[PDB]
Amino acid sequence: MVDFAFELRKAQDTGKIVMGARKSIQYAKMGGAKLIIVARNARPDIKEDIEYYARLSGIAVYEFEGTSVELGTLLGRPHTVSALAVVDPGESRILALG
């Protein structure tokens, strides 16, 4: 089974990810992400924008079952992260979550 925490870190380290609602929304809008991940407690209008732009392009959206605090911590950051976009999965299996 896909280990979310392991594969997400592996994507971050071997691939290319962009972090935050602004950049996630932008990459969804441009059709440049392969997966968008949103924290459970991402602001409603942010989730709804991400879901919309992703739906326009056929990009998978995955809802992480933890808070923006936990998601930030998983990504090595001492701050919240509400959303991220996987641009290049690297050597990871992260896109299987779609």
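So that there is no doubt, residue numbering starts at 1 and follows the sequence shown.
- Stretches 52-60 and 24-32 differ in mean C-alpha B factor, with the higher average recorded for 24-32.
- 1-9 and 87-95 differ in mean CA B-factor, and the higher of the two is recorded for 1-9.
- Among the modelled residues of its chain, residue 66 has a C-alpha B-factor that falls in the middle third, as given in the PDB entry.
- Placement of the Cα temperature factor of residue 37 within the chain: lowest third of the modelled residues, per the deposited record.
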